[PDB]
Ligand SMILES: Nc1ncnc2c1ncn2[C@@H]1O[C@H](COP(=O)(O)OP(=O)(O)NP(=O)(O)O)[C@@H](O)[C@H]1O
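What follows is a single chain, given as structure tokens, in the form solved without the named molecule.
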């Protein structure tokens, strides 16, 4: 069990558990140039036949943030040539966009980068986008929702497969990725992504997580188990909320005399769906109309018409 097979085993296990690839023929990689990116690529090129892929291409986005950006682009191009892959390069001033839209560098960078990735996907005929997102990114994302406000969804964080996007390194942790690259003698760059990181995420990455790991050395392995438990529990809650939904709904209304007799958890789930809103505040405000007539406005109206309810 060396650094290489440790990653490959987790990638293959993800495929068996989620069917990341199941018909796609042309994959576009979100290639920033960092270790994550390089290892993802080295892995996909190694398992290309295994997944029945016909084309794996790179897409590098130049954020114009710093001089190293040009250095990054050059590395990406040379990397494409050494690997004999096609590469698509894009460019947009992220810092500028962030300022005229009163948003952070992280969300501006994310927005422009994927806009670019998605444009190449359509004008070049790709079936999906492979991202180097991993277990440590998931842990950081989970902790950021715990901190800012969340329910089961935020805690579980992003999924391995998500409409057009694929995250093959989902089970792999940052350190295993670094050990993979060193072991195989790969080369990488400190891509511009490191300089867009939001302050909240840096606090969690370089201050909170290190402290938590001093309590539990294998935080990532432990966290992954929580995610798996949470995802099965969420799946169950969703399946049940759905049965009750198509059992209490009729037209554009909800049978209040039926819903009210159900478990609190399902009452909220049914309501979340019926009104397309996750806000803890809006859900409960609407939920109260299950016990006392009245109306609720969110930009749409919910009236209690004896036993029924519209919106």
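Numbering follows the first chain given and starts at 1. Throughout, rigid core stands for the largest set of C-alpha atoms superposing within 1.5 Å between the two forms.
Another form exists, solved in complex with the named molecule; not displayed. Remarks below refer to it.
Counting atoms of the named molecule, placed from its pose in the bound PDB entry by superposing the C-alphas round the site, that lie within 2.4 Å of this form's backbone or C-beta atoms gives zero, so the site is open. From the list 233-241, 130-138, 91-99, 220-228, the contact stretch for the named molecule in the bound PDB entry under a 4.5 Å heavy atom rule is 130-138. Contact check for residue 176: every heavy atom lies farther than 4.5 Å from the named molecule in the bound PDB entry. Residue contact with the named molecule in the bound PDB entry: residue 270 places no heavy atom within 4.5 Å of it.
The closest non-hydrogen atom of residue 43 lies beyond 4.5 Å of the named molecule in the bound PDB entry.
Using a 4.5 angstroms threshold between heavy atoms, residue 161 stays clear of the named molecule in the bound PDB entry.
Of the candidates 254, 39, 30, 27, 30 is the one whose heavy atoms come within 4.5 Å of the named molecule in the bound PDB entry; the others do not. Superposing the rigid core between the shown form and the other one leaves a single residue from 47, 56, 275, 65 with a C-alpha shift of at least 2 Å: 275. Taking the rigid core as fixed, one finds a CA shift for residue 175 smaller than 2 Å between the shown form and the other one.
The rigid-core alignment places the CA of residue 96 2 Å or more apart between the shown form and the other one. The rigid-core alignment places the CA of residue 16 less than 2 Å apart between the shown form and the other one. Note: the CA-CA distance for residue 195 and residue 44 expands in the bound PDB entry relative to this form, by 3 angstroms or more. Cα-Cα spacing of residue 212 to residue 194 is reduced in the bound PDB entry versus the present form (difference of at least 3 Å).
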